[PDB]
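A.B. asks: Got a structure for you, written out below as structure tokens; questions coming shortly.
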Amino acid sequence: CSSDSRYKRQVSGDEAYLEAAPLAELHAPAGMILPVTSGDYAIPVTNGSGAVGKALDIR
Amino acid sequence: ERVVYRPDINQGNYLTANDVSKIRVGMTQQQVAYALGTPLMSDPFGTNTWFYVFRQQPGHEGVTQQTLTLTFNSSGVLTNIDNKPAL
Amino acid sequence: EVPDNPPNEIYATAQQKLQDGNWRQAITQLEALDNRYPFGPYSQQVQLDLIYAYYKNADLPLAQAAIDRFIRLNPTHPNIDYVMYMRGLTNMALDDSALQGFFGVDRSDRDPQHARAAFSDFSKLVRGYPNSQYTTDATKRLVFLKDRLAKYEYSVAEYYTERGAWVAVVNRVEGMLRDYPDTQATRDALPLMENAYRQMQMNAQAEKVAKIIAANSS
Amino acid sequence: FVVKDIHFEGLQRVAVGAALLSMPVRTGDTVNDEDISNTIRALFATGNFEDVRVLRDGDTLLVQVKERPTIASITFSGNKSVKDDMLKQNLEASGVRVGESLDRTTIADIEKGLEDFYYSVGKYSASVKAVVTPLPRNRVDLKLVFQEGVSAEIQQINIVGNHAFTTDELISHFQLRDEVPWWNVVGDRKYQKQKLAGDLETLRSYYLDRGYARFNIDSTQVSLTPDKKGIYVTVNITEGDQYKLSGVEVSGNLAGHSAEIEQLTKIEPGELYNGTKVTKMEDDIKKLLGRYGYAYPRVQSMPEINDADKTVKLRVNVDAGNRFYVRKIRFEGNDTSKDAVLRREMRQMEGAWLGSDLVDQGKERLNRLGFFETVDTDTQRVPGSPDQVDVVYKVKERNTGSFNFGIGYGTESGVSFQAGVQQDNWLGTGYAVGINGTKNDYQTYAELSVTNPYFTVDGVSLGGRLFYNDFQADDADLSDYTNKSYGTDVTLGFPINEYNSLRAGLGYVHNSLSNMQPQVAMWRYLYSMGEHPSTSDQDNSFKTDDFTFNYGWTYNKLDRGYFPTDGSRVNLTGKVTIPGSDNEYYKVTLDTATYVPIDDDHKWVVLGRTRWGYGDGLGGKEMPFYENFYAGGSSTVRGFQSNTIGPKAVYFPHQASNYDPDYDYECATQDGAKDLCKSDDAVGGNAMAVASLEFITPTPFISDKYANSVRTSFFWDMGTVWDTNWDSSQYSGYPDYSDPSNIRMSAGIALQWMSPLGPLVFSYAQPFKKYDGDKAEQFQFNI
Amino acid sequence: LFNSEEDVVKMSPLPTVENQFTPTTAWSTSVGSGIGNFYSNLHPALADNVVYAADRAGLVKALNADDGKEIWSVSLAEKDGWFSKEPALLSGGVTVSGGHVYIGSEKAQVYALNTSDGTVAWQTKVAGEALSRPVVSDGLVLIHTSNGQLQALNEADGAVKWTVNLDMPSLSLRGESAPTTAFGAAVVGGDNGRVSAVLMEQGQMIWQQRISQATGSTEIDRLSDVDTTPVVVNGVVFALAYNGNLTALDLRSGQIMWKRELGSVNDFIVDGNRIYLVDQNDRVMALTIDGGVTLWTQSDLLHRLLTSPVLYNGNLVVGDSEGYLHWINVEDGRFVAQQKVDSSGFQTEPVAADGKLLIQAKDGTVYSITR
């Protein structure tokens, strides 16, 4: 019929977001402790769900 | 292996013979940093050590290196100027 | 296209064409709505719909502009959490959105520039709204975003190993180290700069890293 | 009065309380007729109330308002010449735009500025009339009439104070010019008031070089001749008699590189002064200290002008930066490309001092890439220690992909087609995917060519080639020369130098020919193959598995890998056969690609497109005839037809083509053309010598957002192809081609329009000197 | 061809081509090509029935002003500069008195050719081109030059008595200012929008009167070479600022007698109090001196490129740079004669001197008109 090229709703193509970074932080011994996270790499870690991951639309 | 052609890759951050004479055991970090600036490697978690290590590959055998680490105390007052050539 | 109609006739035409997705038509409704009535009661919601629909019609800068318009209209609003997510959610999709992902190619060795923008706005979402409809999931984005930053910064951290710049092995890995200790991309990089130390004959300084390798053996 | 309520009548954009704060009749405030009239003017001072009608029912107030807002559109009329957003840049600077609040006082004010725009364009016979077209609910359209009669043009330069160097000769150095002599044309010319400024500095350079250092242009008087075009210029100058660069006394922080500095201050003391030479010589130090790590080589020259001997005396005051500025480097615009592929294309190492040009050579490596649109960066000093200048290589990559066409028409033939599409740099990975092939009735041809350029980081360029030519030339059967051919070659890239690279790969070539053509050299190959194939028919077949070894080599110091302007790239391309092959031979060739810029802007560049080749046997055996060199058409020489240039094959007296359509596809066969004739396509030589000289030309009639991807390049083409095996013994009553002087010739221009799938290069070219068998298609439309 | 050779234009020529009286010529002599399309304030002298004119290629010839046959002839073929035998390239008009032909050159070098043979009895290089015709007056070669300078040269040798900058435009805003001598005052306008009297004895600014607009931050006339030459009736300077905006003002002080400071005045003569002018639509209009009271205007010339309003053979003669000549009646009467003695077009003004009407066109050069 006509041309077909479009775009619609999705919020997370994978959950690699939800498959976030491993935690192998410093269990280093004494004196071997260098700086670890700089700035917002110290992530403000707080939770408010709504729907999460791929689940929630935007309006 | 028996490969021949080298573009002779270099890696700086060293100190000249003028530069190692600019400082002395007892100098602060800043006293070195006025004379030498900073190294392009310092000590991450240990006491203040100011690593000026040169690297270069000439030819197939042999690697040029001039390692110059400036171990201060925790106050930055210099305690050891480690002068070190290649190998 | 969309002439001076009743504003809800301009709106509900778009409100269907949101669900129809005719954002060739719906956005031109929502524009000519807020071109004529940016003072509509739902013109904030139109701006919410525009932040929605621009991100639905690949107008991610206009989404950011409609975010910035909603910043210019009401930088405090109960849907700034929707916005500050969508500020990151654009910047998440601004970061890496090639069809090489559809053709199956890694984009985390590609530029995490808008990752860091999403690493701002998702974190600005959870700082501005620690409670939201998007606070929980966007936190995992952030920890994954620094892992994407880890897989990026590792991708050149091995490069200096094959470059042989053992100074620039260390400081890139040390650049990973001051930013994330947690990522295995840093922790696989952990013996490398120690090995690069042993290339710079900083075996003893590498022992300090081998001390870490001793104490972070798992 | 003290108000009960104000009725806020007429609102659309402005709020009630936003009006009410500008109402000094507000709730609680007393109401005076002055306060009412203040409510008139202060709501006029809101800027969005085209009317304010403040009234009252006692103290029951009511304010009726029409509004200057939304300008719904600004209509531009008569501005075919000038783009209207610049006219909107007059408008959008003036506090109004689409959606805004037009004061009808600003009609002439923008119009003055729009004429001031013309006045600052260079138009003065160019007026403008803005028409307010009021639209629903407050709105207005701004129709703009444009009364552009004429602009201004330069005609004259009077240089007073000058007595030595000639004005029009200097106009022949200046930018503002006007000439068509009877042996000279440079087109048509006009005026610009900043071409003024360069002509000053053309002149400022024009005296500074000679030693004129108390040279100073006194003033300049452009004639505001009352004719709306007339521009004559009265240039007051002081010629300012010459000075000798009579000695350098370079000083300051010389950073211990003084002997290196003295080479860059090597002058002749008593040579007539050139400050531009000094301006050169300072940067040499600045690149010296730049390559000595000091990215901040503060150099102040002071040519202490001594008029008493008519000299200058060169003080130079130097201040270096610091050596070890290269802490690190950053890369940007790698959002689709693989990052370390770009990181490997640099020579200045992090954690070092600055080699300033290793960056630029590293940028030249990226310049030599060609999958960029920009090679640039951000050379940023990171603040603090004098060891962190960290260079943020922001670059723009380029689009890839390329289609080639060879099919003519569908929907009246069978399932028959041409293919071929490129994905070189496959998705930022570098993978040079270029693949072609075709299934027709006359052939079923296939081809593969993909390179992993860095399967190992040495430029280990994993270029695997494959092909499958089930070629038939099927007329009704395998009659006229069917060969199913198949084989491969994986070739690899070797680091020879930083601009030099070698290639090598083993070529598997298995061919299974059948029903070969009755021409002489085809059998004469096979007769020198040791076959004894029958000549008067097509009654012979041929399996050959050629086991070949191919090789090559690259020179690369030329500007861009997509759009070069300067330098040269030399590309060796050769092969040899091994014991084990079905035919002991070789075929080696080479191409030249040099770029000689006529323009110093390199808008005119001589391009040397010349290509050579020779191929023969390796003893007791022969290079196959399908490996003979052809040209015409898509070659150097265009306007010809392809594979029409070279030797031409004699037939045999022939009966059966193994199927003979009745006086069609004649191979000197029984259907006509008996008793050997000679064919007309290039059967080709064992030698190649082709040449073309192309000349880059700008394209003026294109909006140059995409004309920067366009190269028009004129050329004149000339070549020769001949066979040193073409022996005048059966080619004695026929044309013999062992002579290097088969000098066929053409000329023309190319049509390089870079699409999103790259350039598709056409040419209307024409042959002028032609030899045997040259067929000509003047309209050559290619990729 | 010309179905497609269209371009952008806007003009509308004269109406009303009439001859109530007959126009003719006094003679033709066509002295080379003088000013040409390249504009110049070269304006001839017709003194003593001698056409003191030239062409700017060099040839300066005195002519017997009956047939314009050469009384003398010299050449300003400049043997030097960057070139030998140059064109004359004259900026100032042909000022002729004594054994001196004072002409400002665009070489910024003013001469004095002995008017018995044309031999340069003195020559002096001045500061910039003579943007006015040399008002060689009272011992002083008074020129408003390109650099706003008040040159005064001892006209017997060109010994510079002073050269001082004055009311001075932003660029070479084209227009003469021709410093007139009126009651001990060096009276000038200046192509900058002001008008002055300077000391005629030494070049000391007696007053400068800023009046109204010039180009530069005020887009005004670049089709009207606004006469910044003051035509001073004994106490009253009559001049235009730089936009034709007329003012009448005191001579010794600059005190505004009145102003018509709205004008579009190209050329103006204070013809008693029938102040004849050129409008921007090329209307000839008669103002007075008690206030510029319009005695009449007439629209018989439209979008023309006129010469100055002059009276010769009893009628208000106007020529143009369309080569048309028109005899307006002096007061409110129309074309009494229209002459087409040229179409190459007169950039020189009608010289109603020695009983003739001398006009040098751009290239269709010197014509002399009678009726």
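Residue numbering restarts at 1 for every chain of the structure tokens, chains are lettered A, B, ... in their displayed order, and ligands are numbered from 1 as they appear.
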Give me, as a PyMOL selection string, all polymer residues having an atom no more than 8 Å from region 222-226 of chain E, counting only C-alpha atoms and skipping those fewer than 2 positions away in the same chain.
C.D. replies: (chain D and resi 124+224-228) or (chain E and resi 174-175+191+220+228+240-244+264-267+280)
A.B. asks: For chain A against chain B, which residues fall within 7 Å using only C-alpha atoms, given as a PyMOL selection string?
C.D. replies: chain A and resi 31-34
A.B. asks: Please write the residues from the selection above to a file, keeping N, CA, C and O atoms, as a compact mmCIF listing (two decimals), in the first residue's frame.
C.D. replies:
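And here's result-v4.txt as it stands now:
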# COMPACT_ATOMS: atom_id res chain seq x y z
N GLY A 31 46.60 -0.47 53.38
CA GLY A 31 47.55 0.36 52.66
C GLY A 31 47.39 0.35 51.16
O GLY A 31 47.89 1.25 50.49
N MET A 32 46.71 -0.66 50.61
CA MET A 32 46.50 -0.80 49.18
C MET A 32 45.18 -0.16 48.76
O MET A 32 44.66 -0.44 47.68
N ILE A 33 44.64 0.72 49.60
CA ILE A 33 43.31 1.27 49.40
C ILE A 33 43.46 2.61 48.71
O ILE A 33 43.82 3.61 49.34
N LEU A 34 43.22 2.61 47.41
CA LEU A 34 43.21 3.82 46.60
C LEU A 34 41.76 4.26 46.46
O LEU A 34 40.84 3.50 46.79
A.B. asks: I want to know what sits within 10 Å of residue 24 (chain A), based on only C-alpha atoms, with residues of the same chain fewer than 4 positions away left out; could you give that as a ChimeraX atom specification?
C.D. replies: /C:180-187,216-218
A.B. asks: Identify, on the basis of only C-alpha atoms, every residue whose closest approach to region 770-781 of chain D does not exceed 12 Å; exclude the query and any residue fewer than 5 positions from it along the same chain; express the result as JSON, numbers by chain.
C.D. replies: {"D": [404, 405, 406, 630, 631, 632, 633, 634, 635, 636, 637, 638, 639, 640, 641, 642, 643, 644, 645, 646, 647, 648, 649, 650, 678, 679, 680, 681, 682, 683, 684, 717, 718, 719, 720, 721, 722, 734, 735, 736, 737, 741, 742, 743, 744, 745, 746, 747, 748, 749, 750, 751, 752, 759, 760, 761, 762, 763, 764, 765]}
A.B. asks: Per residue of region 7-42 of chain A within 12 Å of region 70-88 of chain C, which atom pair is closest and at what distance in Å (one decimal), using only C-alpha atoms, listed by chain and increasing number, as JSON lines?
C.D. replies:
{"residue": "A:10", "atom": "CA", "partner": "C:86", "partner_atom": "CA", "distance": 11.9}
{"residue": "A:11", "atom": "CA", "partner": "C:86", "partner_atom": "CA", "distance": 9.3}
{"residue": "A:12", "atom": "CA", "partner": "C:86", "partner_atom": "CA", "distance": 11.8}
A.B. asks: Please, which residues of chain C lie no more than 10 Å from chain B when the count uses only C-alpha atoms, and can they be set out as a list in words?
C.D. replies: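 Putting it all together, I get residues 163, 164, 165, 166, 167, 168, 170, 171, 174, 177, 178, 199, 200, 201, 202, 205 and 208 of chain C.
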A.B. asks: What's the separation between CA of residue 70 (chain B) and CA of residue 197 (chain C), in Å to one decimal place?
C.D. replies: 15.9 Å
A.B. asks: Compile the contact shell of residue 46 (chain A) as an MDAnalysis selection string: residues with an atom at most 7 Å away, counting only C-alpha atoms, same-chain residues fewer than 4 positions apart removed.
C.D. replies: chainID C and resid 126 130 135:136
A.B. asks: Neighbours of residue 43 (chain D) within 12 Å (only C-alpha atoms; same-chain residues fewer than 4 positions away dropped), as a compact mmCIF listing (two decimals) with N, CA and C atoms, in the first residue's frame?
C.D. replies:
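New file part_25.txt:
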# COMPACT_ATOMS: atom_id res chain seq x y z
N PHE D 8 -10.59 41.26 33.61
CA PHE D 8 -9.37 41.12 32.81
C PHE D 8 -9.77 40.61 31.44
N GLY D 10 -9.47 40.08 27.61
CA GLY D 10 -8.42 39.97 26.62
C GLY D 10 -7.13 39.51 27.27
N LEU D 11 -6.79 38.23 27.10
CA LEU D 11 -5.79 37.60 27.95
C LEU D 11 -4.70 36.82 27.23
N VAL D 14 -0.94 36.29 28.25
CA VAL D 14 -0.58 36.84 29.55
C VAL D 14 -1.61 36.43 30.60
N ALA D 15 -1.14 36.12 31.80
CA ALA D 15 -2.01 35.73 32.89
C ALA D 15 -2.76 36.93 33.45
N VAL D 16 -3.76 36.63 34.29
CA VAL D 16 -4.50 37.66 35.00
C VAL D 16 -3.62 38.34 36.04
N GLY D 17 -2.98 37.54 36.89
CA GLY D 17 -2.10 38.10 37.90
C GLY D 17 -0.86 38.74 37.31
N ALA D 18 -0.41 38.23 36.17
CA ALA D 18 0.68 38.87 35.44
C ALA D 18 0.23 40.22 34.89
N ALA D 19 -1.04 40.33 34.52
CA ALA D 19 -1.60 41.64 34.21
C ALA D 19 -1.76 42.45 35.49
N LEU D 20 -2.25 41.81 36.56
CA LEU D 20 -2.69 42.51 37.76
C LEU D 20 -1.53 43.16 38.51
N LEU D 21 -0.35 42.54 38.45
CA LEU D 21 0.84 43.18 39.02
C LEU D 21 1.21 44.43 38.24
N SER D 22 0.95 44.42 36.93
CA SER D 22 1.17 45.61 36.13
C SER D 22 -0.06 46.50 36.12
N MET D 23 -1.09 46.12 36.87
CA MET D 23 -2.21 47.01 37.12
C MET D 23 -1.99 47.75 38.43
N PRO D 24 -1.77 49.07 38.41
CA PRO D 24 -1.83 49.83 39.67
C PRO D 24 -3.25 50.27 40.01
N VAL D 25 -4.20 49.39 39.77
CA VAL D 25 -5.59 49.54 40.17
C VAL D 25 -5.95 48.24 40.87
N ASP D 35 -4.22 56.12 37.72
CA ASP D 35 -3.94 54.70 37.94
C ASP D 35 -4.59 53.83 36.88
N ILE D 36 -5.77 54.23 36.41
CA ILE D 36 -6.37 53.62 35.22
C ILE D 36 -5.51 53.85 33.99
N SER D 37 -5.03 55.09 33.81
CA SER D 37 -4.19 55.37 32.65
C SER D 37 -2.80 54.79 32.84
N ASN D 38 -2.38 54.65 34.09
CA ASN D 38 -1.16 53.90 34.36
C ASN D 38 -1.37 52.43 34.07
N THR D 39 -2.58 51.93 34.34
CA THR D 39 -2.93 50.57 33.95
C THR D 39 -3.03 50.45 32.44
N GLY D 47 4.07 44.70 26.89
CA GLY D 47 4.55 44.39 25.56
C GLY D 47 3.69 43.42 24.78
N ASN D 48 2.67 42.85 25.40
CA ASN D 48 1.82 41.87 24.75
C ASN D 48 0.38 42.32 24.65
N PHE D 49 0.08 43.58 24.92
CA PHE D 49 -1.30 44.06 24.90
C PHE D 49 -1.38 45.12 23.82
N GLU D 50 -1.85 44.72 22.63
CA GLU D 50 -2.01 45.67 21.53
C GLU D 50 -3.00 46.77 21.88
N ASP D 51 -4.00 46.46 22.70
CA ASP D 51 -4.79 47.50 23.31
C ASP D 51 -4.89 47.21 24.80
N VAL D 52 -5.06 48.28 25.57
CA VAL D 52 -5.42 48.21 26.98
C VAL D 52 -6.52 49.24 27.21
N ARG D 53 -7.71 48.79 27.58
CA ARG D 53 -8.84 49.70 27.77
C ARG D 53 -9.31 49.60 29.22
N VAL D 54 -8.65 50.34 30.10
CA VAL D 54 -8.94 50.30 31.52
C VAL D 54 -10.12 51.21 31.81
N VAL D 63 -10.96 45.85 32.20
CA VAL D 63 -9.85 46.23 31.34
C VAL D 63 -9.91 45.39 30.07
N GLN D 64 -10.18 46.04 28.94
CA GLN D 64 -10.35 45.35 27.66
C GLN D 64 -9.05 45.45 26.86
N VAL D 65 -8.62 44.30 26.34
CA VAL D 65 -7.28 44.18 25.79
C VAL D 65 -7.31 43.43 24.46
N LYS D 66 -6.69 44.02 23.43
CA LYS D 66 -6.26 43.29 22.24
C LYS D 66 -4.77 43.06 22.38
N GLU D 67 -4.24 42.06 21.68
CA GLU D 67 -2.90 41.57 21.92
C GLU D 67 -2.08 41.49 20.63
N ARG D 68 -0.90 42.09 20.70
CA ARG D 68 0.23 41.89 19.79
C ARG D 68 0.70 40.44 19.61
A.B. asks: Using only C-alpha atoms, what does the table of chain D residues within 9 Å of chain E look like, with each row giving the shortest atom pair and its distance in Å to one decimal, sorted by chain and ascending number, as a Markdown table?
C.D. replies:
| residue | atom | partner | partner_atom | distance |
| --- | --- | --- | --- | --- |
| D:112 | CA | E:219 | CA | 7.8 |
| D:115 | CA | E:219 | CA | 8.1 |
| D:116 | CA | E:219 | CA | 7.3 |
| D:119 | CA | E:219 | CA | 7.9 |
| D:124 | CA | E:222 | CA | 7.9 |
| D:125 | CA | E:222 | CA | 8.8 |
| D:147 | CA | E:10 | CA | 8.6 |
| D:148 | CA | E:8 | CA | 7.2 |
| D:149 | CA | E:9 | CA | 4.9 |
| D:150 | CA | E:8 | CA | 6.9 |
| D:155 | CA | E:38 | CA | 8.0 |
| D:156 | CA | E:38 | CA | 8.2 |
| D:158 | CA | E:106 | CA | 7.6 |
| D:159 | CA | E:107 | CA | 8.7 |
| D:160 | CA | E:107 | CA | 6.9 |
| D:162 | CA | E:81 | CA | 8.2 |
| D:163 | CA | E:81 | CA | 5.3 |
| D:164 | CA | E:82 | CA | 6.1 |
| D:165 | CA | E:82 | CA | 6.6 |
| D:166 | CA | E:82 | CA | 5.3 |
| D:167 | CA | E:82 | CA | 7.9 |
| D:219 | CA | E:147 | CA | 8.8 |
| D:220 | CA | E:171 | CA | 7.5 |
| D:221 | CA | E:172 | CA | 4.5 |
| D:222 | CA | E:172 | CA | 5.0 |
| D:223 | CA | E:172 | CA | 4.5 |
| D:224 | CA | E:173 | CA | 4.5 |
| D:225 | CA | E:174 | CA | 5.0 |
| D:226 | CA | E:223 | CA | 4.1 |
| D:227 | CA | E:223 | CA | 5.3 |
| D:228 | CA | E:222 | CA | 5.9 |
| D:230 | CA | E:38 | CA | 8.2 |
| D:232 | CA | E:38 | CA | 8.3 |
| D:233 | CA | E:172 | CA | 7.7 |
| D:234 | CA | E:172 | CA | 7.6 |
| D:235 | CA | E:128 | CA | 8.9 |
| D:236 | CA | E:128 | CA | 7.5 |
